[PDB]
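Below sits a lone chain in structure tokens, taken as the form deposited in one PDB entry.
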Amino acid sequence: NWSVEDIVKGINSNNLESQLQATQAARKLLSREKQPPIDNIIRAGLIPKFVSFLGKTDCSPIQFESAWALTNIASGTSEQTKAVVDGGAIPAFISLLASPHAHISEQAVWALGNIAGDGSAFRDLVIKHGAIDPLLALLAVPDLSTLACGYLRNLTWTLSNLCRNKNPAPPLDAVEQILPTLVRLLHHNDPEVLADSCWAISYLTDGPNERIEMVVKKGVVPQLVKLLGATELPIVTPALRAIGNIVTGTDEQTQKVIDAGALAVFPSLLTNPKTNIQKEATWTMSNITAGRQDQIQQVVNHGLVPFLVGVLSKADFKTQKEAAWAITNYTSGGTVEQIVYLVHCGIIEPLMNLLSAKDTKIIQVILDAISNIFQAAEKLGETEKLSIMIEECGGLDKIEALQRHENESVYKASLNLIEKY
């Protein structure tokens, strides 16, 4: 490998081939794994030179080597990506998107993906410089399978970073302009094109209901549910995030997830061996039990209440807390027949056993749930049987000990419960 000093002596020559040799040497340094000397390359003042090499059309080799070098600089810290942008690289990379050499156009796609991935500001700056039009033009073919696999994966990933950050979210006109192509990629067969396309949809559905609706109006929910039952984990994870985001919106958007058959997949998702899949599936369930009664009923029909009892009985404490939320939402919006069915499935014992947890928020959520359950018992006139049950499993001892607690809202709800029943 060359020294930073030698790379500078060559790039500063007036010999295009001496400059090509040096730029290739710079690329090979930045493409090493151990501590790529990014900061040393920047102090040398080479970025403005690489940016200008992007424009030498009569020397394709120096365009590729400088694009590769700049791609890796822009992959580092926010300060290092800023240096690439401050050098004028953005309009230069957009121009390279139309290069007749595919490997150079691919490299420009990659570099712009790293720039837009920094955050909202650079993402919007890449969009203002007009990158979306030429990007989508690269995917305007009758069949995506005619495109090179790696070419297609870089395009999908870069598009994902143009739909990613928040505060603010990407411009509405940009999202509308990208979605038709994003939906085509969501039906492609490549696992990575699908995973990065599910991450993009995951980002666009993280926000207000106006953003959710725009995605759900393109009819991608059936396809998301299909991917939700995929064998590969990297596809199930973003597919579930998008599904979980969609159910934070209106009850009609939640209903489209139910109609696509999403609840049939949750027996597996709620017993998935991955802690993170189990937690996100439970979180999604908690937002579904917060919907209508006919929607709580559809949770019951699919046999998911026993699975919630199971997750509440044993799982990572964070998955357990999401299940506690799913029960409190279930009990607060459900009918009487639905709340007693919750007791027949055995919710009380694991719900009580979790009152020994060292977290104040879950205690409030559980106690509230118990209040909703007791309120439904008042309606059937069997408040007596339920209280014999909470006592036979040892729950009262916990409730009456919750009296002596630090927080005030716990003390009041706890006392109020032992006084009423």
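In case it trips you up, residue 1 is the first one in the sequence shown, and so on.
One more form of this protein, deposited with a partner chain bound, exists but is not displayed; see below.
**Q** Exactly one residue in 254, 181, 338, 223 has a non-hydrogen atom within 4.5 Å of its partner chain in the deposited complex; which is it?
**A** The residue from 254, 181, 338, 223 that makes the contact is 254.
**Q** Which residue, 126, 247, 311, 215, is the contact with its partner chain in the deposited complex, using a 4.5 Å heavy atom cutoff?
**A** Looking at 126, 247, 311, 215 one by one, just 247 meets the 4.5 Å heavy-atom criterion.
**Q** May I ask you to state whether residue 290 is within 4.5 Å of its partner chain in the deposited complex, using heavy atom distances?
**A** So residue 290 counts as contacting its partner chain.
**Q** Considering only heavy atoms, tell me if residue 329 and its partner chain come within 4.5 Å of each other in the deposited complex.
**A** Yes - in the deposited complex, heavy atoms of residue 329 and its partner chain come within 4.5 Å of each other.
**Q** I'd like to check something about residue 297: if you look in the deposited complex, is any of its heavy atoms closer than or equal to 4.5 Å to a heavy atom of its partner chain?
**A** Outside the cut-off, so no.
**Q** Please tell me whether any heavy atom belonging to residue 325 falls inside 4.5 Å of a heavy atom of its partner chain, as the geometry stands in the deposited complex.
**A** Flag for residue 325 set to yes.
**Q** Going by heavy atoms within 4.5 Å, which of 317 to 325, 260 to 268, 302 to 310, 341 to 349 lines up against its partner chain in the deposited complex?
**A** Selected stretch: 317 to 325.
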